[PDB]
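Student:
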Amino acid sequence: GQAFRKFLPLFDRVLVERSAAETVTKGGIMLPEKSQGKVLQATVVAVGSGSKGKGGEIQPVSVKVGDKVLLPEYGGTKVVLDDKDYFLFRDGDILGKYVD
Amino acid sequence: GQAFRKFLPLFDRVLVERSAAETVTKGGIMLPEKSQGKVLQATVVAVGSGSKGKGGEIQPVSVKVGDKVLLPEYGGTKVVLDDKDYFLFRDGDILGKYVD
Amino acid sequence: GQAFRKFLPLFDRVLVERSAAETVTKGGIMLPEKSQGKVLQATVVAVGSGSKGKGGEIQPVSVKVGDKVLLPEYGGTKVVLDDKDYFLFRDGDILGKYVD
Amino acid sequence: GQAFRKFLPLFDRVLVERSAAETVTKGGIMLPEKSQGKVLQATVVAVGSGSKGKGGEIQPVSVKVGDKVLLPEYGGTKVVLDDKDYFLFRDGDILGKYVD
Amino acid sequence: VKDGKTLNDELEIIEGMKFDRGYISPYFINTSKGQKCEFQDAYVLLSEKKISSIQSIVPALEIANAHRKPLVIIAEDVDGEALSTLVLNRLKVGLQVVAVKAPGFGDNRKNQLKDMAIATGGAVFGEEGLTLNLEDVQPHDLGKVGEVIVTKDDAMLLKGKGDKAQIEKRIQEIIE
Amino acid sequence: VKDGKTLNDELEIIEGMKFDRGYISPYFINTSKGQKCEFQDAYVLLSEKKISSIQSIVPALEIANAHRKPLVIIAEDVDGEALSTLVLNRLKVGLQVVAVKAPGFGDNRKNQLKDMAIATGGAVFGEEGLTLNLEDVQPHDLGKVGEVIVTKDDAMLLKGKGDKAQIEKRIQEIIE
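This is the structure:
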C-alpha cells in the first residue's frame with residue numbers, strides 16, 4: 003500500500019480528493035454555493051495496504067493511486083490534511099473508475 | 003471485465019441503460035409523462051471485472067454487455083455519462099435476461 | 003502483544019491516548035473549552051496480543067505501539083489509568099496511521 | 003476449565019467478582035452509596051472449559067483464574083453464590099487484564 | 177422603614193454582608209443554640225451554577241479538610257447528590273461545612289456573588305466567559321471570612337479578607 | 177421633539193451614525209468611566225446573519241490581532257460560542273473587541289447595515305445574492321472607523337473612512 007503526506011489508511015480505507023466545485027455552467031451562466039452539493043467524482047491519493055478479511059495473504063486494494071473514481075453518496079469520513087479536506091471511503095464503496 | 007466511455011464499474015457493479023419511455027400506446031392513443039414510471043427493461047453497457055467475494059479467483063459477471071435485462075424496481079445508483087443517465091446495479095439484482 | 007502500566011488489552015482491543023487539546027489557534031487567538039470537541043489524533047500505547055477471530059494462529063494487531071493514528075469519532079471505551087483518561091478502541095476502527 | 007464453589011460456566015462464560023466499593027476518597031473525604039455505580043475492576047474466579055465455536059478442538063479461555071480485569075459496562079448476568087453476588091460475562095466482553 | 181411589632185421604634189443596623197437566605201439542610205447546625213450554624217475563619221466557595229455531582233464538590237472539601245477549616249458553599253443550589261455527600265461528611269466524623277443558595281433572581285446574583293467574592297477574596301466558579309471550573313480549585317482560590325452565621329432564613333458574612341485595595345475599586349465601579 | 181425631564185429646553189444634535197443598541201456582554205468595557213467601550217481607529221465587521229460558531233469568528237479576530245487594532249462586530253446577533261470566544265480573548269491577554277446587534281428590525285436593517293458598510297468602507301457578510309462568507313475575510317474587507325463609543329443602550333460610529341465619492345452616490349440613491 004501507498005501513503006500520502008504523513009498519512010496511511012488501514013486495511014481497506016482509501017483517501018480521495020473530490021474534484022472541482024462546478025461554479026459556472028457549460029455555456030455562459032454561473033451558479034451559487036448552497037446548490038451543487040458535493041461532487042461525486044474524485045481522485046484517489048492514499049490507499050491502504052491490503053484487505054484484513056482475506057484469509058492468510060492480504061487482498062490488495064484494486065483502485066490504484068492517481069485514478070479518477072465515481073464516489074458513492076453517503077459513506078465516507080472527513081479527514082483534514084494540510085488544511086485540505088480529504089475523504090476516506092472503503093474500497094468496496096467506490097462505484098466506478100474513470101479509465102481512459 | 004469490459005468498460006464504457008471513460009467509465010469502468012467496480013467488482014460486482016453493472017452499468018445499464020433503460021429502454022424507451024413508451025410515450026404512445028400500441029393501437030392509437032398517446033400517454034403523458036408523469037405516468038409510465040421508469041422502464042424496467044434495459045440494456046447492459048458496462049460490466050465490472052469480477053466478483054470480489056469469490057475466494058481466490060474472481061467470479062466474473064454473468065450478464066455480458068449488449069444484452070437486454072429485466073431490471074428490479076428499487077436498487078440502483080444514478081450515474082451521468084455524456085449528459086445521459088445510466089443506472090449502476092449489482093449483478094445479483096438483475097432479475098432476468100431477454101435471450102432471443 | 004505489548005502491555006502498559008499494569009494494563010493489557012484483550013484480543014483485538016488497542017489502548018491509545020488522545021493528543022493535545024488545541025487551546026490556542028495557529029496565528030494569535032485563543033479558544034474556549036466547550037468547543038474543540040475531542041481530538042481525533044492519538045498515540046497508541048497498549049496493543050492486544052492477537053485477533054481471536056483468526057483461525058488457528060492469532061492474527062496480530064497491525065498498529066504497533068508508539069504510532070500516531072487518526073481515531074474514529076464514535077467507537078471507544080473510556081479507561082482510567084493513573085488518573086489519566088485513555089481510550090480503548092478496536093483495531094479495525096482505527097482509520098489511519100501518521101507514518102513519517 | 004476450572005470451577006468454583008459448586009459452579010461451572012458453560013462454553014465461554016467467565017464468573018468474576020467485582021472489586022471494592024470505594025466508599026471513601028483518596029485524601030480525606032467520604033462518599034455515599036447511591037453514587038459510585040458498579041466498579042469495573044474485577045477478579046476472575048470461574049472459567050469455562052473451552053469455546054464451542056472453535057472447530058474440532060475447543061478454544062480455551064484466555065483470562066485465567068486469579069487475574070484482575072477491567073470489566074465492560076453493560077454485558078453480564080447476576081449469579082448468587084453463598085449469598086455473594088458474582089457476575090458472569092463472556093470471554094470476548096472482558097476489556098483488559100491488569101497484568102503486573 | 178418597616179412595620180414593626182413592638183410598642184416602640186427600633187433601629188437595626190444590618191452590618192457586614194447579609195442576604196435573606198439560610199442553610200439548605202437542617203443538619204449543619206453546630207451551635208446548640210437558636211438554630212444557627214456559626215463558623216470562625218471559614219473558607220468560601222462561590223459557584224454561579226449548581227453543584228450537582230459528587231465529582232465537582234469533592235476537591236473543595238478535600239482542601240478544607242486538609243487545611244482543617246470550616247467551609248461555606250454559596251452556590252445557585254446544591255443538588256441532592258453533593259447535598260448527600262455534605263450531610264454524610266457532617267453527621268459522621270465531622271467535616272465543618274454549610275451550604276446556601278444565591279441572593280438574586282437571575283442577573284443581580286451574577287454581580288452580587290462577584291461582589292461577595294472580591295469582598296472575601298476568591299473566584300466565582302461557573303462564570304460565563306471566565307472558564308473557571310470547580311474541579312481545579314486551590315487554597316488561594318477560596319474566599320476567607322472571619323465569622324459566618326447561617327440561620328434558617330439569612331446568611332451573614334462579617335470579616336472578609338478581601339484585599340480592600342480592590343474592593344475600593346469595585347466601590348468606585350458601582351458608584352460610577 | 178421629545179418629552180424632556182429638566183426645567184428648560186435642550187437641543188441634542190445626534191452626530192455621526194448612532195443606533196439605539198448597546199454591547200451584548202458587559203465585559204468589553206475598557207473605559208474605567210461611565211460604562212463605555214471606547215475605541216479609536218477600529219475595524220468594523222458587518223454581518224447580516226448571526227455569528228454562531230467559533231469557526232466563522234476566528235479569521236476576523238486573527239486579522240485584528242495581527243494588525244493590532246480594535247474591532248467592532250455589528251451583526252444580527254453573536255451566538256454564545258463566538259460570544260464566549262470574544263469574552264475569553266477580552267478578559268485575558270487583551271484583544272480589543274466589542275460586539276453589537278443590528279440597528280434595524282426587518283428589511284430596514286438589511287439596508288442600514290449596507291449604509292453603515294459603505295459609510296465606513298467594507299462588505300456586509302451573509303448577504304442574500306452576494307455570496308460573501310465570514311471564513312474568507314481580508315484586511316481591506318473590514319470597515320474602518322475613527323472613533324467608536326458603545327454604551328449599554330446605544331452605539332455610535334463617528335469617523336468612517338468610507339470613500340465619500342460612493343456615499344454620495346448612496347445619498348442620491350436614497351433621495352431618489
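Chains as they are written, first to last, in the authors' numbering: chain 1, 3 to 102; chain 2, 3 to 102; chain Z, 3 to 102; chain Y, 3 to 102; chain K, 177 to 352; chain L, 177 to 352.
Note that beta-carbon positions come from the ideal geometry of N, C-alpha and C, so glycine has one too.
1. Mind pulling the chain 1 residues with CB within less than 7 Å of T79 (chain 2)?
2. Let me make sure I understand the geometry here. Which of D283 (chain L), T182 (chain L), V248 (chain L) has the alpha-carbon closest to that of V324 (chain L)?
3. Between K320 (chain K) and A331 (chain L), what straight-line distance do the alpha-carbon atoms span, to the nearest angstrom?
4. If you measure between the beta carbons of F6 (chain Z) and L90 (chain Z), is that distance less than 8 Å?
5. Give the residues of chain 1 in contact with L72 (chain Z), contact being defined as C-beta atoms less than 8 Å apart.
6. Would you verify that the beta carbon of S223 (chain L) is, or is not, closer than 8 Å to some beta carbon of chain Z?
7. Would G68 (chain Y) pass as a contact of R92 (chain Y) if the rule is Cβ separation under 8 Å?
8. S64 (chain Z) versus chain 1: which residues are under 9 Å apart at the beta carbon?
9. Quick one: any contact between the stretch 258-271 of chain L and the stretch 294-313 of chain K, if contact means 3 or more CB pairs under 8 Å?
10. Going along the stretch 255-270 of chain K in order, which residues come within less than 8 Å of chain Y, judged by CB to CB distance?
11. Under 7 Å between beta-carbons, which chain Y residues line up against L237 (chain K)? List them in chain order, please.
12. If distances are taken between C-alpha atoms only, which option among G3 (chain Y), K8 (chain Y), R20 (chain Y), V65 (chain Y) comes closest to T79 (chain Y)?
13. Are there any heavy atoms of the ligand SAH lying less than 7 Å away from the beta-carbon of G58 (chain 1), as far as the coordinates show?
14. Relative to the C-alpha of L10 (chain 1), which candidate in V71 (chain 1), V49 (chain 1), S53 (chain 1), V65 (chain 1) has its C-alpha closest?
15. Which residues share a DSSP beta bridge with residue 159 (chain L)?
16. Scan the stretch 295-323 of chain K for residues whose Cβ lies nearer than 8 Å to a Cβ of chain Y and list them as they occur along the chain.
17. Would you mind reading off the limits of the beta strand (DSSP E) that contains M193 (chain K)?
18. Where do the N-terminal and C-terminal ends of the beta strand (DSSP E) with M32 (chain Y) fall, by residue?
19. In whole angstroms, what is the alpha-carbon distance linking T45 (chain 1) and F215 (chain L)?
20. Does DSSP put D95 (chain 2) in a helix, a strand or coil?
21. Considering only the beta carbon of each residue, do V326 (chain L) and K212 (chain L) sit closer than 8 Å?
22. Sort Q38 (chain 1), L42 (chain 1), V18 (chain 1), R15 (chain 1) by Cα distance to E75 (chain 1) and report the nearest one.
23. Could you list which residues in chain Z have their beta carbon closer than 9 Å to that of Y100 (chain Y), in chain order?
24. Taking just the CA atoms, how far does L187 (chain L) sit from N287 (chain L)?
25. What's the call for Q314 (chain L), buried or exposed, on a 16-neighbour Cβ count within 10 Å?
26. Any Cβ of chain C within less than 8 Å of the Cβ of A44 (chain 2)?
27. Applying a beta-carbon distance threshold of less than 8 Å, which residues of chain 2 neighbour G58 (chain 1)?
28. For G30 (chain Z), which of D179 (chain L), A236 (chain L), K340 (chain L), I347 (chain L) has the nearest alpha-carbon?
29. Would you list, in sequence order, the uninterrupted alpha helix (DSSP H) runs of no fewer than 4 residues that lie entirely inside the stretch 244-330 of chain L?
30. In whole angstroms, what is the alpha-carbon distance linking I190 (chain L) and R346 (chain K)?
31. Do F13 (chain 1) and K54 (chain 1) have their C-beta atoms within less than 8 Å of each other?
32. Would you mind reading off the limits of the alpha helix (DSSP H) that contains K80 (chain Z)?
33. Determine the contact status of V276 (chain K) and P246 (chain K), defining contact as a CB-CB distance below 8 Å.
34. Measuring only the C-alpha atoms, how far is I350 (chain K) from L318 (chain K)?
35. Rounded to whole angstroms, how far is the Cβ of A278 (chain K) from the Cβ of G338 (chain K), which I believe are closer than 8 Å?
Tutor: Reading off the structure:
1. For this step, residue 79 (chain 2) is matched to residue 77 along the second sequence. Here the neighbours are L97.
2. Indexing the sixth sequence from 1 puts residue 324 (chain L) at position 148. It is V248 (chain L).
3. Locating residue 320 (chain K) in the fifth sequence gives position 144, where the first residue counts as 1. Locating residue 331 (chain L) in the sixth sequence gives position 155, where the first residue counts as 1. Straight-line Cα distance between these residues: approximately 41 Å.
4. Working through the third sequence from its first residue, we reach residue 6 (chain Z) at position 4. Working through the third sequence from its first residue, we reach residue 90 (chain Z) at position 88. Contact: no.
5. By one-based count along the third sequence, residue 72 (chain Z) stands at place 70. The answer, in chain order, is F9, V81.
6. Position 47 of the sixth sequence, counting from 1, holds the residue named residue 223 (chain L). Judged by the 8 Å Cβ criterion, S223 (chain L) is not in contact with chain Z.
7. Translated into positions along the fourth sequence, residue 68 (chain Y) becomes position 66. Translated into positions along the fourth sequence, residue 92 (chain Y) becomes position 90. No. Outside cutoff.
8. If you number the third sequence from 1, residue 64 (chain Z) lands on position 62. Within 9 Å Cβ-Cβ: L12, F13, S51, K54.
9. yes
10. So the close ones are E257, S260, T261, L264, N265, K268, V269.
11. Counted from its first residue, the fifth sequence places residue 237 (chain K) at position 61. Neighbours of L237 (chain K) on chain Y, chain order: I31.
12. Looking up residue 79 (chain Y) in the fourth sequence gives position 77. The residue with the shortest Cα to Cα distance from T79 (chain Y) is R20 (chain Y).
13. The ligand content of the structure shown is nil, which means the ligand SAH is not present either.
14. Here the question's residue 10 (chain 1) lines up with position 8 in the first sequence. Measuring from the Cα of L10 (chain 1), the nearest candidate turns out to be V49 (chain 1).
15. A query on residue 159 (chain L) cannot be resolved here, the shown segment of chain L reaching from 177 to 352 and no further.
16. Going along the stretch 295-323 of chain K in chain order, one finds no residue with a Cβ nearer than 8 Å to chain Y.
17. For this step, residue 193 (chain K) is matched to residue 17 along the fifth sequence. It spans 193-195 - the beta strand (DSSP E) in which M193 (chain K) sits, taken as one unbroken run.
18. Your numbering for residue 32 (chain Y) matches position 30 in the fourth sequence. Run containing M32 (chain Y): none; DSSP gives neither H nor E here.
19. Walking along the first sequence from the start, residue 45 (chain 1) turns up at place 43. Walking along the sixth sequence from the start, residue 215 (chain L) turns up at place 39. If I take the Cα positions, the gap works out to 50 Å.
20. Counting from one through the second sequence, the residue named residue 95 (chain 2) turns up at place 93. Three-state DSSP puts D95 (chain 2) in a helix.
21. In the sixth sequence, the residue the question calls residue 326 (chain L) occupies position 150. In the sixth sequence, the residue the question calls residue 212 (chain L) occupies position 36. Yes, the pair counts as a contact, with Cβ atoms nearer than the cut-off.
22. Position 73 of the first sequence holds residue 75 (chain 1). The candidate whose alpha carbon is nearest that of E75 (chain 1) is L42 (chain 1).
23. The residue given as residue 100 (chain Y) occupies position 98 in the fourth sequence. Simply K8, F9, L10.
24. Walking along the sixth sequence from the start, residue 287 (chain L) turns up at place 111. Walking along the sixth sequence from the start, residue 187 (chain L) turns up at place 11. For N287 (chain L) and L187 (chain L), the distance between alpha carbons rounds to 29 Å.
25. The residue given as residue 314 (chain L) occupies position 138 in the sixth sequence. The residue is exposed, with fewer than 16 neighbouring Cβ atoms inside 10 Å.
26. Among the protein chains in the structure shown, which are 1, 2, Z, Y, K and L, there is no chain C.
27. One-based indexing of the first sequence puts residue 58 (chain 1) at position 56. Within chain 2, no residue comes near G58 (chain 1); the closest Cβ sits about 11 Å away, beyond 8 Å.
28. The residue labelled residue 30 (chain Z) in the question sits at position 28 within the third sequence. That would be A236 (chain L), whose Cα lies nearest to the Cα of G30 (chain Z).
29. 256-267, 283-296
30. Within the sixth sequence, the letter at position 14 stands for residue 190 (chain L). Within the fifth sequence, the letter at position 170 stands for residue 346 (chain K). In a straight line, the C-alpha of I190 (chain L) is about 32 Å away from that of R346 (chain K).
31. Counted from its first residue, the first sequence places residue 13 (chain 1) at position 11. Counted from its first residue, the first sequence places residue 54 (chain 1) at position 52. Yes, the Cβ-Cβ distance between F13 (chain 1) and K54 (chain 1) is below 8 Å.
32. For this step, residue 80 (chain Z) is matched to residue 78 along the third sequence. Where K80 (chain Z) is concerned, there is no enclosing alpha helix (DSSP H), although the beta strand (DSSP E) it sits in stretches over 79-83.
33. Residue mapping note: residue 276 (chain K) aligns to position 100 of the fifth sequence, counting from 1. Residue mapping note: residue 246 (chain K) aligns to position 70 of the fifth sequence, counting from 1. Taking 8 Å as the Cβ cut-off, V276 (chain K) and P246 (chain K) do not qualify as a contacting pair.
34. Position 174 of the fifth sequence, counted from the start, is the residue given in the question as residue 350 (chain K). Position 142 of the fifth sequence, counted from the start, is the residue given in the question as residue 318 (chain K). Near 24 Å, if we compare the C-alpha coordinates of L318 (chain K) and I350 (chain K).
35. Mapped onto the fifth sequence, residue 278 (chain K) falls at position 102. Mapped onto the fifth sequence, residue 338 (chain K) falls at position 162. Contact flag wrong, Cβ pair sits at about 18 Å.
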